[PDB]
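Engineer: So I pulled this structure from the PDB, and the sequence comes with it:
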Amino acid sequence: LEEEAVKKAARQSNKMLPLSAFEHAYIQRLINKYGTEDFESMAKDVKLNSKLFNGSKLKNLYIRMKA
Amino acid sequence: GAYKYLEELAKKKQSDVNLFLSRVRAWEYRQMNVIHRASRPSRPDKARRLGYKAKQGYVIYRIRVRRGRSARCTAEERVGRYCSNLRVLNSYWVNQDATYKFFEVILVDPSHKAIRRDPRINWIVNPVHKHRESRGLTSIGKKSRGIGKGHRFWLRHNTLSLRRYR
Amino acid sequence: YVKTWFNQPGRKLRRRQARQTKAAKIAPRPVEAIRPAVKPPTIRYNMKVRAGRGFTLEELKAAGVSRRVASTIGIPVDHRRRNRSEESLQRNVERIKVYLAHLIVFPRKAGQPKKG
Amino acid sequence: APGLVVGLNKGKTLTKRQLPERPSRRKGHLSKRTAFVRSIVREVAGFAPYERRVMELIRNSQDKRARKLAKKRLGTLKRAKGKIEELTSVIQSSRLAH
Amino acid sequence: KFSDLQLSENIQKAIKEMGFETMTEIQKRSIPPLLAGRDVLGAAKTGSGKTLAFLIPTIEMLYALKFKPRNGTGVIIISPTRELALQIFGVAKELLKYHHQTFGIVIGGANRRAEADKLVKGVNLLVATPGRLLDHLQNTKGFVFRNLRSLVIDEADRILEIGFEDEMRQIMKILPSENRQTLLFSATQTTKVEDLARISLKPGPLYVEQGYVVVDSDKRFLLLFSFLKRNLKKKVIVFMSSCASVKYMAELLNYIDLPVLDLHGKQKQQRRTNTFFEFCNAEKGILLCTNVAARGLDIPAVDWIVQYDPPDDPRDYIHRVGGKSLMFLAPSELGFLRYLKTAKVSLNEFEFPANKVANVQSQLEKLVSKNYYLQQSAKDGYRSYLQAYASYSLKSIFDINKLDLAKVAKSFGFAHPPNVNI
Amino acid sequence: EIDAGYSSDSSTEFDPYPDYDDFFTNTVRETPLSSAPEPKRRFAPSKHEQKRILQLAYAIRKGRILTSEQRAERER
Amino acid sequence: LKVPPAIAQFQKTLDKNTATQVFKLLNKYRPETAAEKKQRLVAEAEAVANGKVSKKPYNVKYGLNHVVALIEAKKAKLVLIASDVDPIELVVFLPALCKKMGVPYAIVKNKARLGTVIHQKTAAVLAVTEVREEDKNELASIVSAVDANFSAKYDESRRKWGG
RNA sequence: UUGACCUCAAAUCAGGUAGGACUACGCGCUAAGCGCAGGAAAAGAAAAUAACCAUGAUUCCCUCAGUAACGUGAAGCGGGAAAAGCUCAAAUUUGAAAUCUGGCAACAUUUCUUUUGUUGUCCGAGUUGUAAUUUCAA
RNA sequence: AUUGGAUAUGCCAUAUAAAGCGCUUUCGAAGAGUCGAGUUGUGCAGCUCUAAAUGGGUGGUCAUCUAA
């Protein structure tokens, strides 16, 4: 029972999500104008951050875009 | 929004606003049948907190009972027999005068698909809920038989329990 | 009226089969949930340790089991009980830790939509 | 081992814990919105016939008679004290604008 | 200096990132005995590095004893006002950036129902004011503080002058005294300060021209905006009474194409120093900061010093000035002029025409209403402004009751005053 | 003290239509009634229709819903 | 009987000309129909399906709970109360609440006229909180008329018992 | 002159539902009479106990205990069986009634050509409030 | 031949989404002809009166619950 549960975890081990066309262009457009380190200033922008995501949701988008 | 204002107004019942309305509405209620359909609850806040939703399947019925069992209990039962294809949800005092006590009864249509498909009121479709007022299973039925939790609230006594080894 | 106990052994058997039925359904996992250890509430019995209802929210926070995932692995949660002394907290935090030591939780299938 | 021991005893050493307050105990705390709503409705609905009698008795400095009416009306001295204090505040507020 | 100090790696790494790796005279005579655990009775001037003096040894003790939030608060720091406490809390956040000790601040005018919810989780580094801490000590069930080991008093002279004489005496009884390190700090050495030291510190302690403008509250910002526009090509430094107020004003002025620097930054001491050094280097520019942030910093050659918000310490402010001075004075606060008469300070009255005030209020209100981060900054700047006003030492001069809140919020960019508690 | 006396009306043996009295609304409240912070959602495009747009797009992709051009040309 | 002041204040409604002007401004900010809204969403949905920012709407606010929360938010610039709500308690406090919170209000004729504006059978009350910059003058002119023709008028009659 | 809403009506209009019988066990009103259910019913997640190192929905069994209380006659605790928790009302979705019954048209599906749904569209319900979120354990 | 809950796998998946837990210089609504009081009949019911907001209930100022 122990091994099959560990092996079954390995098979279903890709919890990480890919990005989509809308998400990728959203984060990329914010990145090109603000950089890849100043997420606080990214959040405070409203012209580009139309959905008004906070810096923590922008970081996940940036971190997720690489993979 | 305004349902908070409605409930604090309901607390003041001898007030000038409420006393005038109670006298006027008692007159119009007496001019109708003893049991008559209401288009909408006259106290929408009390109906709403007791379970009334403004959707198809829910029904409000106004009934008058001779003042001086509980009148509120008797209102539920008599409305239950009148609209016998409906389950009684709850009931609330609305008006009174020197002769009559007026109650409004919330009933649901168990055969209506909007009630049959709402998981929040689905529970009343089950046949165990036929005539909850007829069995003291409503709010005022439960209180009437002293059902509750505490120290304020028969086969077990008189029996002789004779065990197998004794 | 006399209550006669001729079905005392027929009740005993029926309860065993209900246990057997309950296992057959969820056989890799215990037929009963785990319980806390609590001290009875009187001067006569407060020196005993007995099974309680469920673990407190302070006990689960300290162990590491959030109140949502606690019930899903058969850990009851009593919101009413509390921890007036550190002895009860540490006695039952260790109980959850030992139970989690022996726990083999089997992975579930998780929806993985193709797009982002 | 994952098992429970039942009976016997445990270390009598005690270490008290200061538990925080439960949200259920917060009941009875007046709100800013509920205070506003109750004051509006107090004004709008008008006053009961017995509340008018009490306010006029307070107006003529008949406080002993006013408390006797309120206590007989509501049913307790505790309720009478609150009603007298509330209506006296109404009298002062009305007297400001009347 | 910092390298010579034996602070742990996390404290050392944070100190390098937070600020510099030097050690001032006040620190050099205070870190050693505080680290050893001996009682320290220092007397240092304002802005002499006192904040770090009682922080680095204290945080090191927290790491040394390995405190956890389930152990309650192990350190309490007492500050007289919110602005000084907030600066300390901001610095402490930088220092604890690498550690694992929870920190928190309890000050007057804040959310008591939420402050208590924070406390029952354990706040291993507590910054407080005497008024509110006593309330949380006597009236909050779930606040574990029996494991206290360090008590720090900041500016004890101001604490006793502001009216916390009895508040401290009550706090000492509730607070534990056995095996607890205490560190009093007050430049003044009055007899009452010595009495507090006797009742708190253990035996054998270680001893160590004016110009004003009368402007109504509603046009206060509009007058400022027009004045800054007129003097765009000069070196202007503006003092305010809240770090939240300066954040909004700098954010608002950057929005409308009036670039202004600030010492607020992001509560990062390195960024504030960088901004101040660049402003000193630049011959022209405009900077907004608070009195506390500018306290202890050498003011450069600046044409205009604008005191947009009343100062918290008029006794220190009159000696603070000793280009041209400015004072945005309200018609309800004309009594502050009488104080300068008592202090024997020369002054002149400045007048402005109502025609030249840039009436952009309708557009200014539309920006704040439309934008979200502007509205939150405006709301918080307005809240902190009032709370500082209600906490001023000069009750007879700056009466919050005599202040009109509708006009105040008009300056901040609100048609109607927001709902802030007191 | 008490004097154990008896009141003039002790049991031991008026403008019925007054004018409206403004003791509470005679003065206007300056500030909002709620101090609850403003949510970000009111300053952003609605997520209700974004949810609805996305499930309208899916039906357009799957052909369950006739597109505006196809429906308009079908009316001719 | 003798109607209380809080219930008699509804018999003195807004007059012909001002109500017609009020409803003229309201009809420029009617909400968007269910049939039209779908058409706007499928236009945007089709745009995003083939290949891919907007502006905040401007419509009159309705609903009893929604509007009462808008008055207490000091957001409503004009509140229009129907004069014939069947349980009168639903709006009996609205004039006094608007007086307390400094909002211009009026009691207009028929719920159906308010109901028509918002594509409903009946509306108990309507509130205008924000208008387009082009029509700021029109709302200001109407509010002045409501003050002059409804609040300045009557005034004493709402404190006297009716009937 | 027209229209909108409201209230009251009519129809052998469409779709439903109620009654009567059984009643060992259930729950009520007042053994009997009367009313109403199910495969169990009722009760049920504390406006509950306690005074302790505290306990922890309900029901049932043992014990408490023929004790206390005022011949009647328990209950807290303790041992066991079984264990499971939750839903609303009251806070603006307000940058969008996001909610739902029905008709019609397709499609799928069946203990089943008998069942049960899906999608699309149109009307109706609903802003005097249908969804989402929240239930104090927060 | 009818179906249970699982497992393996295929195809779809409206995720621009929805959660759990970190934190808070922000908030935190809680059920009335009811509770209660006076009096009659069998806790409940009748009738007269009729509330409150750290309030109300129930126990020994404290504890403990949070009704309608």
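Structural biologist: Noted; the coordinates are in hand. Numbers count the residues shown, from 1 in each chain, chains lettered A, B, ... in the order given.

Engineer: just so I have it, where are all the strands in chain C?
Structural biologist: For chain C, the strands defined by DSSP state E cover C:2-4, C:37-38, C:50-51.

Engineer: List just the one of the ones you listed that sits closest to residue E:72.
Structural biologist: strand C:37-38 (25.4 Å; Cβ to Cβ). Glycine gets a C-beta too; all of them are placed from N, C-alpha and C.

Engineer: Which residues does the closest one contact?
Structural biologist: Applying Cβ atoms under 8 Å, 6 or more residues apart in numbering or on different chains, the external contacts of strand C:37-38 come out as C:49, C:50, C:51, C:52, C:81, C:88, C:91, C:92, C:95, D:4, D:5.

Engineer: Between which two of these is the distance greatest?
Structural biologist: Taking every pair in the contacts of strand C:37-38 and measuring Cβ to Cβ, the maximum separation is 19.3 Å, between C:81 and D:5.

Engineer: Name the residue in those two with the higher neighbour count.
Structural biologist: Using other Cβ atoms under 10 Å in any protein chain shown as the criterion, residue C:81 and residue D:5 rank with residue C:81 on top: 19 against 9.

Engineer: What count of nearby residues applies to the residue nearest to residue E:164 when sequence neighbours are not counted?
Structural biologist: What sits nearest to residue E:164 in space, not counting adjacent residues and going by Cβ to Cβ, 6 or more residues apart in numbering or on different chains, is residue E:130, at 4.1 Å. Using other Cβ under 10 Å, residue E:130 has 22 other residues around it.

Engineer: In contact with residue E:130, which residues are there?
Structural biologist: Going by Cβ under 8 Å, 6+ apart, residue E:130 touches E:78, E:80, E:159, E:164, E:167, E:168, E:171.

Engineer: other SSEs contacting the top helix by length along chain C?
Structural biologist: Longest helix in chain C by number of residues (criterion: DSSP state H): helix C:8-25. Packed against helix C:8-25, as judged by 3 or more Cβ pairs under 8 Å, 6 or more residues apart in numbering or on different chains; DSSP states H and E, are no other helices or strands.

Engineer: Need the residues that contact that helix.
Structural biologist: Here helix C:8-25 makes contact (Cβ under 8 Å, 6+ apart) with B:163, B:164, C:31.

Engineer: SS state for the residue nearest to the spatial centre of chain A?
Structural biologist: Central residue of chain A (Cα atoms, centre = their mean): residue A:61, 1.9 Å from the mean position. Of the three states, residue A:61 takes helix under DSSP: H, G, I helix; E, B strand; the rest coil.

Engineer: Test my guess that it contacts residue A:17.
Structural biologist: No. Counting by Cβ atoms under 8 Å, residue A:61 does not reach residue A:17; the two are 10.5 Å apart.

Engineer: Can you mark which positions in the longest helix that chain F contains are buried?
Structural biologist: Longest helix in chain F, counting residues (DSSP H): helix F:47-62. Across helix F:47-62, burial judged by 16 or more other Cβ atoms under 10 Å in any protein chain shown covers F:49, F:52, F:53, F:56, F:57, F:60.

Engineer: Reformat the residues you listed as a markdown table; add distance to chain B.
Structural biologist: Formatted as a markdown table, these follow (distance: Cβ to the nearest Cβ, whole Å):
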| residue | distance to chain B |
| --- | --- |
| F:49 | 24 |
| F:52 | 21 |
| F:53 | 26 |
| F:56 | 24 |
| F:57 | 27 |
| F:60 | 28 |
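
Engineer: For chain G, which segments are assigned as helices?
Structural biologist: All helices of chain G, identified by DSSP H, fall at G:5-8, G:16-26, G:34-50, G:64-72, G:94-100, G:111-117, G:136-146.

Engineer: With chain D instead?
Structural biologist: D:32-45, D:49-59, D:63-74, D:77-97.

Engineer: nearest to chain E, of those helices?
Structural biologist: Nearest of those to chain E, taken as Cβ to the nearest Cβ: helix D:32-45 at 8.3 Å.

Engineer: Check which helices and strands the closest one sits against.
Structural biologist: By 3+ Cβ pairs under 8 Å, 6+ apart, helix D:32-45 packs against helix B:3-11, helix B:16-30, helix G:94-100.

Engineer: at contact distance from RNA strand I, anything in that helix?
Structural biologist: Yes. Using Cβ under 7 Å from any atom of the strand, helix D:32-45 reaches RNA strand I at D:32, D:33, D:34, D:38.

Engineer: In CSV, list the C-alpha atoms belonging to that helix.
Structural biologist: What follows is helix D:32-45 as a C-alpha-only set of coordinates in CSV (Å, rounded to 0.1, in the frame of the first residue of the first chain):
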residue,chain,number,x,y,z
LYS,D,32,-22.5,52.0,14.9
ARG,D,33,-24.9,51.0,12.2
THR,D,34,-27.4,49.5,14.6
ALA,D,35,-27.3,52.5,16.8
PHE,D,36,-28.0,54.7,13.8
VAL,D,37,-30.9,52.5,12.6
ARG,D,38,-32.5,52.4,16.0
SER,D,39,-32.3,56.1,16.5
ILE,D,40,-33.9,56.7,13.0
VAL,D,41,-36.7,54.3,13.7
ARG,D,42,-37.2,55.7,17.2
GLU,D,43,-37.9,59.0,15.5
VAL,D,44,-39.9,57.8,12.6
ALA,D,45,-42.2,55.3,14.4
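
Engineer: Tell me the buried residues in that helix?
Structural biologist: Buried residues in helix D:32-45, defined by neighbour count with 16+ other Cβ under 10 Å: D:36, D:37, D:38, D:39, D:40, D:41, D:42, D:43, D:44, D:45.

Engineer: that older thread, okay, the contacts of strand C:37-38 in CSV with distance to residue B:124 next?
Structural biologist: Shown next, in CSV, are the contacts of strand C:37-38 (distance: Cβ to Cβ, whole Å):
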residue, distance to residue B:124
C:49, 45
C:50, 40
C:51, 37
C:52, 36
C:81, 34
C:88, 43
C:91, 45
C:92, 41
C:95, 42
D:4, 42
D:5, 47
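
Engineer: can those residues go into TSV with extra columns for distance to chain G?
Structural biologist: Converted to TSV, the contacts of strand C:37-38 look like this (distance: Cβ to the nearest Cβ, whole Å):
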residue	distance to chain G
C:49	53
C:50	51
C:51	49
C:52	44
C:81	39
C:88	46
C:91	49
C:92	45
C:95	48
D:4	52
D:5	57
